[PDB]
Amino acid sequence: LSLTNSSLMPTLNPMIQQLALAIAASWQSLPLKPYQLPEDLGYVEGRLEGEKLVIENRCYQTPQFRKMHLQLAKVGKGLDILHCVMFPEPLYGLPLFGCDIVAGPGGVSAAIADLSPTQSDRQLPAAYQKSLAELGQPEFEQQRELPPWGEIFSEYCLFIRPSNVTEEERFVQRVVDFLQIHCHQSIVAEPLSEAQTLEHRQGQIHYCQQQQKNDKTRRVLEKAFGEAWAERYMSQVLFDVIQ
């Protein structure tokens, strides 16, 4: 999963670079297998009437994680995006790790990270609640309220505009902490019952359906590739509904 030869990495916002490295480091020694995206996608570029969008995809799986997708993107010279989701295998009932960072010439505008529930009661498993609580409440000067579709995110969801380098680093460290908890819980998780697996699958389906309501992503994709491409990308590459 080496990022050493990434074409985008050298030109991305430093917070995005550090987060990409931290995600890759978390995954590096796992029992990884490739996950083939639709059309074996790995790098793509598109332009219509405006700026070009350039995307680099990395995607893996393990027995506990159905799909581990790290996607870096740049629109034109200055708009930088990191997208990451670890989709759980429903059999093990783990939450969804996700993060999104958007940055421009004015710095990072949006930083989101969560471990999101899949249970019918919309709660994280008890072990996650406990480990997350023990991190303490992080201090951020510019909190942002989630849009309605963001009901899918846990009570521990971060959504901020970082105010300075200190906050950028605090946010990255909290994502590192989330990944450490997630990787640990994955090694103590056992296969669940058919009824429980079903429940968790539905939580993941709902997560994907709600993520597809995000017009901030959709507009960026549409401006570079058009409506049909954006719909296929969001529904098949980013947030595939398992069935």
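All residue numbers are counted from 1 along the displayed sequence.
State which stretch shows the higher mean Cα B factor in the entry: 133-141 or 110-118.
It is 133-141.
Going by the average Cα B-factor in the PDB entry, point out whether 158-166 or 80-88 comes out higher.
Going by the record's values, the stretch with the higher mean is 158-166.
From the list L96, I101, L124, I152, select the residue with the highest C-alpha B factor recorded in the entry.
The record points to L124.
According to the deposited entry, which of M9, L221, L19, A228 has the largest Cα B-factor?
Result of the comparison over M9, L221, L19, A228: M9.
Looking at the temperature factor on the CA atom of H69, which third of the chain's modelled residues does it land in?
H69: CA B-factor falls in the lowest third of its chain.
Divide the modelled residues of the chain into thirds by Cα B-factor and specify which third, lowest, middle or highest, holds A189.
Ranked within chain, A189 CA B lands in the highest tercile.
Using the temperature factors of the C-alpha atoms in this entry, rank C208 within its chain: lowest, middle or highest third.
Answer is lowest: the recorded C-alpha B-factor places it there.
For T62, does the deposited CA B-factor place it in the lowest, middle or highest third of the chain?
Its C-alpha B-factor, which the entry lists for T62, ranks in the middle third among residues of this chain.
Rank-wise, by C-alpha B-factor, drop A195 into the lowest, middle or highest third of its chain.
It falls in the top third of the chain.
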